[PDB]
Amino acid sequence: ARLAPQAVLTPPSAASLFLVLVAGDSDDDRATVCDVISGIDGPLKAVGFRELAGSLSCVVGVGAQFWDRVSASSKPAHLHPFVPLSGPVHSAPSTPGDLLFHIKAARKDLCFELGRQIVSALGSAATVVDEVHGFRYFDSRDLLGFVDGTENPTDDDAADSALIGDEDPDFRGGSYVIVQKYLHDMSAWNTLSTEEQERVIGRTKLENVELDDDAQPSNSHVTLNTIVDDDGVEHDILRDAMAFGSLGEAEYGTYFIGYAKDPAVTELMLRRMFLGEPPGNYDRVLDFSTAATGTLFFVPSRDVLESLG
C-alpha cells in the first residue's frame, strides 16, 4: 500500500520509530493536532517519495481521551484507555498518550525525517512523552535472542485479525493498537540455559521451531498468548515489535506493538501473561522484562482520519 497512512498490514522493516505524544489542553492545540494527523499523507509523501522503493509508512493512533475531545458523538465500539494489570510481582502500568505515530522504513533517515516533519508541524500543540528508535536485530530476532514475530498472521488472516469489520461498520478498516515499552534484565536472562529460555518462550532458540505439545509448558509465552474461544475459534493479533536500546544507560529493550480488530483479544493475552492460566501461572518472560509504558490507541481508517476536525 505505497505511501498511504494507516497501512496497518505492512511487513516488518529494518527500521522503525515509535512516537507517543500528549496533546495540549487548549482549543488551538486540539485544532493543530487535528490539522496535522488528518493531513498526515502530506509529510508521508514529502519524505517517502524520495526513496524509489517507497518503503516508508506511518500509522496514526488516537487515544480514548483525545478521541472524545474531537469526535464526541461518533466513537468506535471498544475505544477505552489501556487497562492496567497488577500481578503480585509484575505489573502492566497504564501510561499517558493521546497520539501514536508508528513509522517504518527500510532506512533510519526516512523514519527520522518523517518524525522531524511531524513534530515540527505540531510545535507547541503536543509533547513527546515516549520515543523509541526500533531496529531489526540479525535474522528478525529480539534482544532476548529469539526470532520475534514468527507466528504473525499474514495476508487475509492479518486483515481478519487486525482490521475492524461488519461488527462496527462506521469504523471498518480501522484497528486498535496497544504499545508497551519493555526493558530486559539481560544478566538474569543470561543465567538461564538455552533450554530454560526455550521453555519460557515456547520455541527453540536458534531454529525458531515450536516446542511440541508434550514439551510445551502451560505457562510458556506461546501457550499463554494462544487464544481459543469456547466455539474453538482461534483469535490472533498482528505484532511489529522491534529491538531498541542504549549501551551507556544499559537499556536493552523490546518495543511491543500489537494490532487487533478488538482490543479484548490483546487485553486477554495480557491478562493471561500477567495473572496466569490457571491463576498465578504467569508468563515467565515477565521475570526478564518490565513494561515501562502501556497505552491503547484507536487506528482510524484513512477516510476517518482525514475527517478529523
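Note that residue numbering begins at 1 and tracks the sequence as displayed.
- Mean CA temperature factor is higher for 25 to 33 when stretches 25 to 33 and 246 to 254 are set side by side in the entry.
- Look at the mean CA B-factor for 56 to 64 and for 274 to 282 in the entry; the higher one is 274 to 282.
- Each of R107, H133, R136, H235 has a CA temperature factor in the record; the biggest one is found at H235.
- Each of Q117, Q180, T150, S74 has a CA temperature factor in the record; the biggest one is found at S74.
- Compared with the other modelled residues of the chain, the Cα B-factor recorded for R69 ranks in the highest third.
- Annotation for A215: CA B-factor lies in the highest third of the chain's modelled residues.
- Annotation for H221: C-alpha temperature factor in the middle third relative to the rest of the modelled chain, per the entry.
- In this PDB entry, the Cα temperature factor of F101 sits in the bottom third of its chain's modelled residues, the lowest group.
- Among all modelled residues in this chain, the alpha-carbon of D142 has a temperature factor (C-alpha) in the lowest third.
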